[PDB]
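Read on for two forms of one protein chain; each stands alone as structure tokens, with the labels structure 1 and structure 2.
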Structure 1
């Protein structure tokens, strides 16, 4: 730990703070995630334990790279490759101008490649929001923050319900579903795609019921035809208002016929019908795909 000089606190992650640091000997700029520890209590947090072991399995250009684990008695540091900023800051900085469609297409293509790699190595991310997606100066975007992530089984068991930042949380979690899997990460990515297109969060609810209703008002209220089994779900209420489906030309105006086809497959109600990250990579929306550099 004495080879690193700290440059600046660059945030608070899902748990513990992230610093910019440099290696005093090689010059390498790194991100340090400091995790606080206890004897007198619980040990290494289950959240750090998951993050580090899953990250060891997840070496991919579109997944943040773990360089080292500095495991003391008193402190635990994770050493990461350094990335310039997160997608939430990028989105705010370009809120008036907009993100160019070739770069939205690029970024989504890459997030889906990272995600396909995760899913096909039995990992659920469970926290895809723009602040957990990092970008560099060269046109690359990467999944980060595997603190809430989980290694899953085939078929799945019941996992933690307390899952995904509200605005990016899939309807099957909201409705109290017993099982959920990889389709919840695709939901969040659908939400982010739309957020990039329109510059505002697609479904900015402020409680679980408000989140559901915002979903219902946009996509229509789901029924047995559209989603076999819905009306039989734990937190489903047959008194839910029945809204009609909003037309995507209105929902996400800037997007062409291919982009709207893909988004509606990422926001499918039925988790089993919802497009997979591998299938999504094969969608006509990506035929033209380039690797533009962010115009910051």
Structure 2
């Protein structure tokens, strides 16, 4: 915080404000997150979790009852890009490139047993080169995911996996695959897949599209903490209706990313080998 000159406020994260700043000694431009022992060790360990598709955590500065996290700076988030592309839509080749890169980032972190747990358009960052990176990876394990952010904003439930909503205490890396699948669908259709406004609304929106889960598709689901036998029983919808005009390879992949059973849900590694990526390229984004 000493060798940092604030340039401007970038926005507000889940835990603290984020500024674009310059290292007063190295001139390095960074994203500085300001948050007002176990958490410190946990976060400090993230400095070694480096990958091209993960926003680099340069440093962790604990001083004066404040925690500063210094990140590599990216010029924009995916949310802004999706909104700017609302009328025309993000070209499929670019959507495929982004999904491909995000899966590489997940595969890396998951190989080290680190999960994100709260993936959303606001923490997926992009540059003018065509790269996309995941930000805030690992912070959920250290701080937890609150109901409201430090500014009292509601933490979105739109990308939350069903096992979390049903009360599972030990989530797995599968929770991130679910979130990414929801984001994938959103990029394709230009509308959130499951825009719930409460935990039950979120759960029922999922149920209405994918069908109410039962022991057939998800062994043990009826014994989960928040599962209720009184849940309405909705029939599953054809994905052809859920994400048109995505082709069959894309629908196949999305379906596997949205499997109810965390055990059946495709892994990031397996997803990277899916036929959908056979013709993947790296386009330069227009905006």
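If you superpose the two forms and keep the largest set of C-alpha atoms that fall within 1.5 Å, you have the rigid core. Numbering follows the first chain given and starts at 1.
- 78 is the only residue from 184, 78, 112, 191 whose Cα shifts by 2 Å or more between structure 1 and structure 2, the rigid core being superposed.
- Core-superposed comparison between structure 1 and structure 2: the CA of residue 283 stays below a 2 Å shift.
- Once both forms are fitted on their core, the CA shift for residue 258 between structure 1 and structure 2 remains under 2 Å.
- Superposition of the core reveals a Cα shift of 2 Å or more for residue 152 between structure 1 and structure 2.
- The Cα position of residue 238 changes by 1.0 Å between structure 1 and structure 2 once both are aligned on the rigid core.
- Structural comparison between structure 1 and structure 2 after rigid-core fitting shows the C-alpha of residue 26 displaced 5.7 Å.
- When the rigid core is fitted, residue 162 shows a C-alpha shift of 15.1 Å between structure 1 and structure 2.
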